[PDB]
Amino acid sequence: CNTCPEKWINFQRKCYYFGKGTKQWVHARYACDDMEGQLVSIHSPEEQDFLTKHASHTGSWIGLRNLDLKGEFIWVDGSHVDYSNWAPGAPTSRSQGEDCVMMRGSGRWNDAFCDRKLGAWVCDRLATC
């Protein structure tokens, strides 16, 4: 079970899309939804390393945010953070309004303002058989 839609890339039981074009966080969410995917969720160092390999050098929106300003970071599939890869000093404690999460070229995570325009974003979905 590793068949991916055209222009996506397989890793383990998932397919990944590395979108380009300027978007704020929620706009990146809807872009992923338009291709029947979701902004990427990250649950293991293996997956992170795969993501770092293809990652846009200039920063990418990923599927983690401060749901309902609660303020716990929750993946857009409803899953919690088990694996994490924060940049040193991230996430910003409590709590400036940097409520959406981006991934640097290095692969490390940084909490950011949701209205920030980044030039990349990562979607995932389940691979088919």
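Numbering starts at 1 and runs along the sequence shown.
As recorded in the PDB entry, 41-49 is the stretch of 41-49 and 23-31 with the greater mean C-alpha temperature factor. Between 96-104 and 61-69, it is 96-104 that carries the larger average Cα temperature factor according to the deposited entry. Looking at the C-alpha B-factors along this chain, the one for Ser79 belongs to the lowest third. Split the chain's modelled residues into thirds by C-alpha temperature factor. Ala120 is in the middle one.
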